[PDB]
Amino acid sequence: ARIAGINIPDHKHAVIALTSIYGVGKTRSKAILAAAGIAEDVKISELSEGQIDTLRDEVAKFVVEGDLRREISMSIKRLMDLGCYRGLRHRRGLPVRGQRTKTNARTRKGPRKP
Amino acid sequence: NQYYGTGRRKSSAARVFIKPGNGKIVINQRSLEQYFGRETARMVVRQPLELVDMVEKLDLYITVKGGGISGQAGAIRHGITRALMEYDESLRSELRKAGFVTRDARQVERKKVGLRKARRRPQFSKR
Amino acid sequence: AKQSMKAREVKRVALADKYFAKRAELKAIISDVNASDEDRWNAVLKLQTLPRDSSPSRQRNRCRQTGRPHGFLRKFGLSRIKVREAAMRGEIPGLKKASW
Amino acid sequence: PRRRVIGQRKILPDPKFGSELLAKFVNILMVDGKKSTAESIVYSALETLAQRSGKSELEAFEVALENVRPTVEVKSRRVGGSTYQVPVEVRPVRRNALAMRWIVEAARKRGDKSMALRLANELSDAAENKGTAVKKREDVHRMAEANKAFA
Amino acid sequence: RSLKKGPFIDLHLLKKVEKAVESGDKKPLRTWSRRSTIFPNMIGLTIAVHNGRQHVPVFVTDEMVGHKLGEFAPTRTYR
Amino acid sequence: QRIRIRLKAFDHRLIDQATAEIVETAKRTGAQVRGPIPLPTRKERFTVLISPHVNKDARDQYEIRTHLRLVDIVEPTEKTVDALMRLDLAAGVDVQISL
RNA sequence: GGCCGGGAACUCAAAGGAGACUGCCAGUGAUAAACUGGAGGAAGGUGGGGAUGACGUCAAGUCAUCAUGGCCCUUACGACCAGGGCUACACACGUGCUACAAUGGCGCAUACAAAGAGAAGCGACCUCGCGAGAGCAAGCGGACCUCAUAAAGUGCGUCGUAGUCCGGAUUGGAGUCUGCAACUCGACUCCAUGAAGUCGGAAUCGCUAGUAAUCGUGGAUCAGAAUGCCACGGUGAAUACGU
């Protein structure tokens, strides 16, 4: 089913299926379903158009998908332009929250380069 | 009249009182099935009474504290053996040959300096 | 330790004894809820003009006989080396080697 | 060891039935001191196996073992700078031990859903003379036969 | 850092900023205090902040309000 | 009323001597007492390095034991209380009296 | 409900005693020292675990715990103060923690321990907050009060072999507490994000029994900062023909 501009699966339970949207986790999924009034263990293929429209109306109340992506990108761009310590770390590609760099740091650096 | 026994294993202690008639067992104000949910523990508790044919002739009142499940089961078995010897005094040979008369003196070994456990050493490298 | 470090410690303890009540009062004001919201600001600005060495957290425990800054035990007031020497000489009541 | 004699440890019989062979099987199957889990697995497997053949669980188990026990094996010797395989006879305790170990190792390698189902399938196949356990027995016997000159 | 305590600033820096604002113009204001928050009334000034050896000039804009002064004067050298 | 006595020491022979002394002084002044009750001993442990430099194994381990006793006097009198308060005992025993 | 009158039997607490010595039986052996087996007994042959380190070896380690012969500096190699560094980062090695899943992940509800610490301290009951916490306030220098609710286990549901309802690096936003002060450089909480990785090449390590493997709990240092170190208990194996 189409919800927020994307197709969500059909053979899963509602609570697991709704977590395919960029910005919805487990807590938000449970809250949305509680507001809409549907059980958490009902497959999406066993619903009706009114129920799906209710789900769309509920999901409209959060910031999801492209809006959230724009927010995050602008957040990082601000620091980079300001040129503080965190911005310099972000634009050199090193850890930002004070971790060690004599060893490790491979999630931010990539595989080893001889 | 009453016949008494004390039993011990790893860290547990058990008090056992036995009377004649109409086999029924009570442990800590509960039934055997309510207390022990393990078939191994039930079998361990019942072994001596199966060895001497008195399953349906004696009432058993028990208390126990300390340890786990297996330790408590063993302590109860020990206590029942002792109380039965007090009751009759001519079953000692059979019980001894079964092996229920011995106290099992296996305790936990202490940790030691320079080791990760009682006997486990850290990893060694030559270079 | 050098003779200057022990002097530093003595000075720190003296100042911290001198200024104890004032700091408690100011911190009570800052922490308490439902205050004027101006008294709070003034108290924050005043707590930082007192000497730094009056804070009990600038102190470091040292062995009472040598001044060592490492390996300190609170029950005895000494470091490990001096504790062992006294224990073997028989100068610490009730203490002896243990096994179990 | 060099100057030692080691006695035999005592093993309690099973609670449901009364065999020590079954207790040894449970022990060989257990991991990390979790005996209850292994007991549940074994009992479920024996139940699902007795229906498939209309006989007792112990009888089916013995029929499975008799197709995996070995008779001869090969040891490795090296005194002249070269390795030779020397055939030797197996004794009954080691026969039982090897059969049990091979059965469990084969069962763990399958691709069914649960361990109980895998174990039941392996035991039925062994009773029918099929599977990795029987193949292992055959390979061992072949290696023993190829080296009869060195007995 | 807890919100019920308010922001932190140094008294000498605060008084210097007040004098500079009232008197108007200002050549750089020299400071060793890297632990002070940036207040809205500093926008437009030049503060020279210690880094270990030198005093680095920082020209305050309104995108900085709420940060610590030290985040604009790096302390290590790497190439 | 009632008098409770608590005694502490690092040495059990010394503590037993003191307890017997207290019981005798109470019993010769015509007051019934409830004999001493042993209470659990406290074991405190320590562990130190024994080299002035690196070696990280090579430790020593020490202990201190504290022994404890309790005595109860049920029906005191003026003479008994004065006699108890007018007594001196060894130099390693701690005595606490509660009314 | 050990709740109240009581009881001194039992569990337990901590001080004096008893017990295990090849002591008894049979065989082997130099008319030996000893060895193999048996009875009784809680325990049998050093019953299990600690402490305890010969004459000496490596000009082994420590003048930075301390002490000390000989050199060396005294408006300086001796004092005081604020900021920074010991936390860097193309790279190579040692010791560990968490995983790669159905002997498992998630939800509900229900048994069973041992050993410790506590006055500038341990902080119950009650109210507020989704939570880290906050407010007001008993008790305890302690077999009495507090830290403090063991976890693996067991019963009932669901997931169905997928880089997944497996794993939890990294990053954005909003907060709490200690402390004059958390930018460089603290721990913890909520919402979102969801990387490598499907069992590891030539090498190579530990362990003979309440041991290995697996599960939780406590302390010293300490305003605050353990995946390290030192202690405690629960479940509980496989194998030893031989040199």
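Here is how names work: the chains are called A, B, and so on, in the same order as the sequence lines, proteins then strands, and each is numbered from 1. We use all heavy atoms of the structure for the numbers below, so side chains are in, but hydrogens, waters and symmetry mates are not.
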Does [X] put a side-chain nitrogen or oxygen below 4.0 Å from OP1 or OP2 of [N]?
| X | N | result |
| --- | --- | --- |
| D:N27 | G:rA238 | yes |
| F:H53 | G:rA64 | no |
| E:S2 | G:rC177 | yes |
| B:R116 | G:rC230 | no |
| B:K117 | G:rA212 | yes |
| C:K46 | G:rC180 | no |
| F:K8 | G:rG141 | no |
| F:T41 | G:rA13 | no |
| C:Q3 | G:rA79 | no |

inquiry  = Using whole Å, what does the distance between atom P of nucleotide G:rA223 and atom CZ of C:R60 come to?
reply    =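 Nearest whole value for this atom pair: 9 Å.
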ask   = In whole angstrom, what separates C:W100's CH2 from G:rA114's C1'?
value =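 My rounded result for the distance is 15 Å.
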Integer angstrom distance from the [atom1] of [N] to that of [M]:
| N | M | atom1 | answer |
| --- | --- | --- | --- |
| G:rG216 | G:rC100 | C1' | 25 Å |
| G:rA9 | G:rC3 | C1' | 22 Å |
| G:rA30 | G:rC55 | P | 44 Å |
| G:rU208 | G:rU28 | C1' | 32 Å |

message = Any salt bridge linking A:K26 with A:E40? Criterion: basic side-chain nitrogen under 4.0 Å from a carboxylate oxygen.
response = no
query = Does a side-chain N-to-carboxylate-O contact under 4.0 Å join F:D60 and C:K97?
reply = yes
Using the sign of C1'-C2'-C3'-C4', would you call the sugar of [N] north or south?
| N | result |
| --- | --- |
| G:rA99 | north |
| G:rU62 | north |
| G:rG141 | south |
| G:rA34 | north |
| G:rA79 | north |

Check: protein-nucleotides 205-207 of chain G nitrogen or oxygen pairs below 3.5 Å:
unit_1, atom_1, unit_2, atom_2, d
G:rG206, OP1, B:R121, NH2, 2.6
G:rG206, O4', B:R120, NH1, 3.3
G:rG206, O2', B:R120, NH1, 3.3

Taking the 3.5 Å cut-off for both atom pairs, check whether [N] pairs with [M] as Watson-Crick or wobble.
| N | M | answer |
| --- | --- | --- |
| G:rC205 | G:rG70 | no |
| G:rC166 | G:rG83 | no |
| G:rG157 | G:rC55 | no |

ask   = Taking the inter-plane angle between the rings of E:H55 and E:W32 on a 0 to 90° scale, is it parallel (under 30°), tilted (30 to 60°) or perpendicular (over 60°)?
value = perpendicular
task = Report the relative orientation of the aromatic rings in E:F72 and E:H67; use parallel for angles under 30°, tilted for 30 to 60°, perpendicular for over 60°.
result = perpendicular
Paired with [N]: which nucleotide, if any, by Watson-Crick or G-U wobble criteria at under 3.5 Å for both distances?
| N | result |
| --- | --- |
| G:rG133 | G:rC128 |
| G:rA59 | none |
| G:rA195 | none |

N/O-N/O pairs, protein side and nucleotides 143-146 of chain G side, under 3.5 Å:
unit_1, atom_1, unit_2, atom_2, d
G:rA143, OP1, F:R6, NH1, 3.3

So, is [N] syn or anti if syn means the angle is within 90° of 0?
| N | value |
| --- | --- |
| G:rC191 | anti |
| G:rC112 | syn |
| G:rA30 | syn |
| G:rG85 | anti |

Would you list the protein and nucleotides 164-166 of chain G atom pairs, both N or O, that sit under 3.5 Å from each other?
unit_1, atom_1, unit_2, atom_2, d
G:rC165, OP1, A:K12, NZ, 3.3

request  = Sequence neighbours left out, what passes side chain to side chain contact (heavy atoms under 4.5 Å, CB included) with B:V113? Give chain and number order.
outcome  = F:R59, F:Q61
message = Just to verify, what does C:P56 make a side chain to side chain contact (heavy atoms under 4.5 Å, CB included) with, not counting sequence neighbours?
response =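 Side chain to side chain contact (heavy atoms under 4.5 Å, CB included) check on C:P56 returns nothing, list empty.
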task = From the options G:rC185, G:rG84, G:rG172, select the nucleotide whose nearest atom is closest to the side chain of E:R76.
result = G:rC185
If you restrict it to nitrogen or oxygen atoms, what contacts under 3.5 Å exist between nucleotides 115-117 of chain G and the protein, and what is each distance?
unit_1, atom_1, unit_2, atom_2, d
G:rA117, OP1, F:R42, NH2, 3.4

request  = Report the residue (D:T37 or A:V24) whose heavy-atom-nearest nucleotide on RNA chain G is the more 5′ of the two.
outcome  =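 On the 5' side of the pair lies D:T37.
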